[PDB]
Structure formats: C-alpha cells, structure tokens
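# Chain and residue survey
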Amino acid sequence: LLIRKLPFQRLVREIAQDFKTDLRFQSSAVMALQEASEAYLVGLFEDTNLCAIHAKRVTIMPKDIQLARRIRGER
Amino acid sequence: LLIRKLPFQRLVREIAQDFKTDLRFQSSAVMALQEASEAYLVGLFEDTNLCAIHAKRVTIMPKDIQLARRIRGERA
Amino acid sequence: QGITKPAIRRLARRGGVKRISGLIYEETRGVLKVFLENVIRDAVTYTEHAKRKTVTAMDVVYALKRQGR
Amino acid sequence: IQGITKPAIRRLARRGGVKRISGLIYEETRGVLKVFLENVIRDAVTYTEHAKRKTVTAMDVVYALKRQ
Amino acid sequence: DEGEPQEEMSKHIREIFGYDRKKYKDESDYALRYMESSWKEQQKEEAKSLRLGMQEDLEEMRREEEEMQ
Amino acid sequence: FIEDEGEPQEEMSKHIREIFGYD
C-alpha cells in the first residue's frame, strides 16, 4: 500500500541477476515483498524508536538503528 | 562454572512440580539446564550493557533489561 | 535511489518515530538491502528444491519463517 | 525460593563485561531467570511427555534449546 | 461458513509482523513536512542526551550507600 | 592413518556454549 511500487520493482531485478544469471518472477510472489518489507520496516521502527527514547531523545538517529539490529541479532 | 549448584536444584524442582506434577528429573539432565542458563544470562548481561552505554551510563538498571527483551522479542 | 524517500518517512511515521534526522535516509535503504538479500537467498532454494523456473509466491512464505518475532 | 544470590550475579555480569551494577538488578535478574526456565522446561517437559519418558532427559533439553 | 476473496496472501503476511490499519486512513502529511530536524536540534538533543545519563549513575551511587549500609 | 584429530569428554556442554557462542 505504502511503499512506491515502481522503484521497489527496479531494485528487485537488480540483485537477482547480481548472483543468478537466469531466473524470473512469478510476480504474485513479489506482491508480498512490498508488503513484508513495509511491515518489516515498521516492525523495526517501533523498536528503533524504543532506543531513541531509551537514549532519552526524540529525534531518531543511525546509532539507535544499527543497535536494535545487532540486538535482534542480524547485521 | 559460576553459581553454587544447590539451588536451583531446589528452585527447579519447584516449578518442575508446578508442571506435570510428578515429573521427576534425571541426574545429568538438570546438569545441562544450568549450563544453558549461564551462557544465556551472560549472553544477556553483555547486551544489557549495550543498552546502558547507548544511554551512556554504566550501572545497568531494569531500564536496560526489560528493554533488551522487548527488542529480542521476549516480552516480558 | 533506489527507494522512495518520502515514502519511508511515512513508514517511520506509521512506526511512530516523532522526529528524524537526515542521516537516517541512507542507513535505511541500506538496511533494507540486508533484510532482502537474506530472505531471497533463502527463498531461491525453496524453488531449487522444487526445481522451478521462475520463483512462485508460496516459497517466499516459507522463506519467511525468519525474523518473525 | 529464588534464593540465589548477588555475588554469583556480579561475577556473571563482569564476565558479560558489565562494569557496574545497580541494586535493583539483583531481584530483576531472579524474576526474569524464572521466566527463562519455566518457559524452557514447560517446553523440555513435552519432549519427554512426547517420548513418554518418566524422568526428564538431557537430550530433550537441547531441543527445548534449539528454540528461542 | 464465511468470506471473502484474496488478498489472503497479502493478509497472512501482515499477520506475521503484527502490522495494522492502526491509522491507515488518517494519513494527512506532517511526515512530509517537519518530520526531520536539523543537525542542530540533533547535536543539541545529543547534549541533553548527555548531562542526563551522567546523574542517573549518581542517584544510584548516592542511593548506593543507604542500601549497603 | 591418523588423524581424525579429536579428544574431549562431556563436550556435550562444548556444544551448549556454542549455540550461545561464548568465548
């Protein structure tokens, strides 16, 4: 709904060929992708906020972010 | 190794009877349980520091704790 | 380049950030990347297992039992 | 009960690289630990109620442990 | 029985992540506007970020002598 | 014909330490 649906679609074909010469997309697949991402990001933004606020701030920053991830346990 | 091994062989048997009342617990089974516990908490006491420090403090507090979990997704 | 910069503020917003700094904008896409390149490298195989040509939707769903927390 | 104690705890924290502590920590720690266990054991319970074991084994623990 | 049609993809997703129409229909644009704040109101709330974190240690250091003695 | 180089005993807590990863 909420992420731009054209430049979301450009970056996709970009990396699929970045490692796998042939392949393509059944597209019903990719529908989810804007959908999962949008949520994933929001799913991150409550968390990244939490920091921002635990850092006793209110304008959020890079620091908070990188942080929440290394905690979720990805980087 | 790091906490004297009498409880939670006491505190364990407590909740162990709290679930499936007469489940008993085998020798060496519960052995394992403490080993995970320590690594987990050490695993968390390193993290909870990180909270403190992003907050630019040092004596860690409940703040940092509860926080670390809601982020791990452990709430609560 | 390559996502929609005001679209993301909306995201932050939907996520409840109350103010942001400009630095945010890059880290973001960048993070998005790492989220992605994972799940697909997981999703690909879910079609190599079925030896499919083009990637179906159901296999992403499988690829998805990842960060779900 | 949660009759486990603070020096065990400081020892723990520093190994975690904790440099300093607050007193509040100490109870909080017990309380959360609780949650850890009674989680995992209710989970480890099953692998042995599933395998119909009388007294609970160690191997089923790691399983309860493969999980977050 | 029930209904309806799909979108049961797109609606099983949003489930894994807890997303919501939690104000999906009130999206006027503040975000578009003052969402961001300058490097100033950044360095500045980076300052209060400090002098605070300091004394939290201390009403736990000064409340760390009534409660060990 | 050596070696599948390996020794330890209750290194079923070697495995423990490593799903939490430490040291």
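The numbering shown runs from 1 along each chain in the order of its written sequence and may not match that of the entry; residues for which no coordinates exist are omitted. Both sets of labels track the order of writing: A upward for chains, 1 upward for ligands. Heavy atoms throughout the structure, all of them, feed into the side-chain values; hydrogens and water do not. Residues with missing side-chain atoms are left out of burial classes, side-chain pairs and their counts.

Its PDB header attributes the entry to X-ray crystallography and lists the resolution as 4.611 Å.

## As for the overall build of chain C
Scanning chain C for helices and strands turns up three helices and one strand. Each helix corresponds to a stretch of at least 4 residues labelled H or I by DSSP, and each strand to a stretch of at least 2 residues labelled E; elements are numbered beginning at the N terminus. The helix and strand sequence of chain C, counted from the amino end, reads α-β-α-α. Relative to the 2.2 N^0.38 estimate, which gives 11 Å for 69 residues, the radius of gyration of chain C is 16 Å and therefore markedly larger than a compact globule would have. Dimensions of chain C along its principal axes, counting C-alpha atoms only, are 45 × 25 × 15 Å. Atoms considered for the radius of gyration are the C-alpha atoms alone. The globule rule reads 2.2 Å times the number of residues to the power 0.38.

## With respect to the arrangement of the chains
If you rank the 10 pairs of chains in contact by how many contacts each has, first place goes to chains B and D. Here, two residues are considered to be in contact whenever any of their heavy atoms come within 4.5 Å of each other. These two, chain C and chain D, are apart from each other, with no contact and a minimum C-alpha gap of 10 Å. Nothing in chain A touches chain F, and the closest approach of their C-alpha atoms is 12 Å.

## Remarks on the pattern of salt bridges
Should a side-chain nitrogen of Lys or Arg be within 4 Å of a carboxyl oxygen of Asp or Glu, the pair is scored as a salt bridge. Note that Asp47 of chain A is salt-bridged to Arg72 of chain A, the shortest N-O span being 3.1 Å. Placement of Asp47 of chain A in helix α2 (residues 28-54) and of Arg72 of chain A in helix α3 (residues 62-72) is noted, with a sequence separation of 25 residues between them. Between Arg20 of chain D and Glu64 of chain E there is a salt bridge whose closest N-O contact spans 3.0 Å. Remark: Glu64 of chain E occurs in the segment after α3 (48-56) and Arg20 of chain D occurs in strand β1 (residues 20-21); the pair is interchain, linking two chains.

## Thoughts on the packing of aromatic side chains
Two aromatic rings from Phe, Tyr or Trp, using only the six-membered ring of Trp, form a pair when their centres are within 6.5 Å; if the ring planes differ by under 30 degrees the pair is stacked, by over 60 it is edge-to-face, and anything between is tilted. Between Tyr46 of chain C and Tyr62 of chain C the ring centres are 5.4 Å apart and the planes differ by 35°, which places this aromatic pair in the tilted class. On the criterion of sequence distance, the pair formed by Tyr46 of chain C in helix α2 (residues 24-48) and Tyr62 of chain C in helix α3 (residues 58-63) is long-range, its members being 16 residues apart. Here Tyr47 of chain D and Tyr63 of chain D contribute two aromatic rings whose centre-to-centre distance is 6.0 Å and whose plane-to-plane angle is 10°, an arrangement assigned as stacked. In this pair, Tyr47 of chain D is assigned in helix α2 (residues 24-50) and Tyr63 of chain D in helix α3 (residues 59-66), connecting sequence segments 16 residues apart. For a ring to carry a charge above it, either NZ of a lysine or CZ of an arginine must fall within 6 Å of the ring centroid while also lying within 35 degrees of the normal to the ring plane. Its guanidinium or amino end placed over the ring of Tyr25 of chain C, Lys5 of chain C lies 4.8 Å from that ring's centre, counting from NZ or CZ.

## Let's talk about the interface of chain D and chain B
On the side of chain B, 33 residues touch chain D, which itself brings 35 residues to the contact. Those elements giving two or more residues to the side of chain D that touches chain B turn out to be α1 (6-15), β1, α2, β2 (55-56) and α3 of chain D. By residue number, the principal contributor to the side of chain D that touches chain B is α2 of chain D, which donates 14 residues. For this classification, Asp, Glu, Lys and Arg are treated as charged, while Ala, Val, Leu, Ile, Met, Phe, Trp, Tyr, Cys and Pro are nonpolar and the rest, including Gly, are polar. Class assignment for the residues of the side of chain D that touches chain B results in 21 nonpolar, six polar and eight charged.

## A closer look at the side chain of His54 of chain B
Mapping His54 of chain B onto the fold places it in helix α2 (residues 29-54). At a separation of 2.8 Å, a polar atom in the side chain of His54 of chain B contacts the side chain of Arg57 of chain A. If we ignore the near neighbours within four places in the chain, the residues touching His54 of chain B are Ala55, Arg57, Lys63, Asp64 and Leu67 of chain A. Two N or O atoms form a polar contact when they lie within 3.5 Å of each other; inside protein one atom must be a possible hydrogen donor and the other a possible acceptor, and for residues adjacent in sequence the pair counts only when both atoms belong to side chains.

## Comments concerning unusual backbone geometry
In this structure, the amide linkage connecting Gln1 of chain C to the following residue, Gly2 of chain C, adopts the cis form with an omega of 5°. Residue position: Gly2 of chain C is located in the segment before α1 (5-14). Across the junction of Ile2 of chain F and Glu3 of chain F, the peptide omega takes the value 0°, indicating a cis bond. With respect to the element layout, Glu3 of chain F can be found in the segment before α1 (14-20). Not every positive phi belongs to a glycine, and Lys20 of chain B is a case in point at roughly 50°. Inspection of the secondary structure assignment puts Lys20 of chain B in the loop between α1 (9-16) and β1 (24-25). A positive phi angle, close to 55°, is found at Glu7 of chain E, a residue other than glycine.

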